[PDB]
Amino acid sequence: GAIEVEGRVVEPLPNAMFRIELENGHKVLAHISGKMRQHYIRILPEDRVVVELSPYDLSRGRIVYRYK
């Protein structure tokens, strides 16, 4: 039930979405945040990310950080 969770990127999807596996065992789809878009942060499969999940749907969220 955590709302801020780390995961690994599985694959890019259209509309700037990514399939992610979280470290609580759940799959989610997320896009990068506006701040990350502004800073042109590349996301690739196998990257480690922090996701803020949607209150309305814990299977959707926003990527807010990608580990270097």
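Cβ placement follows ideal geometry from the backbone for every residue including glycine, while neighbour counts extend to all protein chains displayed. Each reported figure results from applying straightforward, stated rules to the coordinates on display, with no laboratory input.
Per DSSP H run of n ≥ 4, the term is -39500 (n - 2.57); total these for the chain, divide by its residue number, and report the mean residue ellipticity at 222 nm rounded to 500 deg cm²/dmol.
Working: 1 runs with 5 residues, N = 68.
That calculation yields -1500 deg cm²/dmol at 222 nm.
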Mean separation of Cα contacts under 8 Å, 6 or more apart, over the residue count of the chain: relative contact order %: 35 percent
Ratio of the Cα radius of gyration of the chain to 2.2 N^0.38 Å, where N counts its residues: 0.97
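Give me the net charge of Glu21's neighbourhood, meaning all other residues with Cβ under 13 Å from the Cβ of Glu21; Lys, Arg count +1, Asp, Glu -1. Kindly include the intermediate steps, with their values, before the conclusion.
Working: positive: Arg8, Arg19, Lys27, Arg48; negative: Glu6, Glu11, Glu23, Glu46, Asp47.
Taking every other residue near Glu21 into account, the sum is -1.
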Charge dipole (debye, nearest 20) of the chain; +1 at Cβ of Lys and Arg, -1 at Cβ of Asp and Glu: 280 debye
Theoretical FRET efficiency, 1/(1+(r/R0)^6), r = Cβ-Cβ of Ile3 and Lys68, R0 30 Å, to 0.05: 0.80
